[PDB]
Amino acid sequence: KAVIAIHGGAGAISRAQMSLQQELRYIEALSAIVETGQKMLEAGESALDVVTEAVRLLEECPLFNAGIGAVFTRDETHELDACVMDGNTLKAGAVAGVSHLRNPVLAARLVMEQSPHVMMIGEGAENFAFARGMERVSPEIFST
């Protein structure tokens, strides 16, 4: 029995703070992403490809603190981090402190699959990703 779960963060979310219309934007986004993942699993896509695409869609969604809609540092910059792990091979990839990669989970998959390392950080991670044809973006794209 194939199955997916997702999250968009845990914290002090208060009913008194939010309208039903505000809640439904989060419920709609969560439902669309988990449905995409359910459809990929049903069609026989790998767990690895499913968690990658789900987290890529949570990055793209401005409601969640990852990729577009990332919080700001003390210096009003964005520094993004991501990790992916394959339970079959126990391979993993991760990036931390990246600012010029649109989808950190894609950079993490690239570290997993195209490097001898589990983790790369900062400009080194970025330069490695660019050398393998991932696009350079401005960290301005994450700001909402």
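Numbers for residues come from their place in the sequence shown, where the first is 1.
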property	result
121-129 versus 7-15 - which carries the larger mean C-alpha B factor in the record	7-15
Of 101-109 and 71-79, the one with larger mean CA B-factor	71-79
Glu28 - Cα temperature factor, lowest/middle/highest third of chain	highest
Within-chain third of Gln114 by Cα B-factor, per the entry	highest
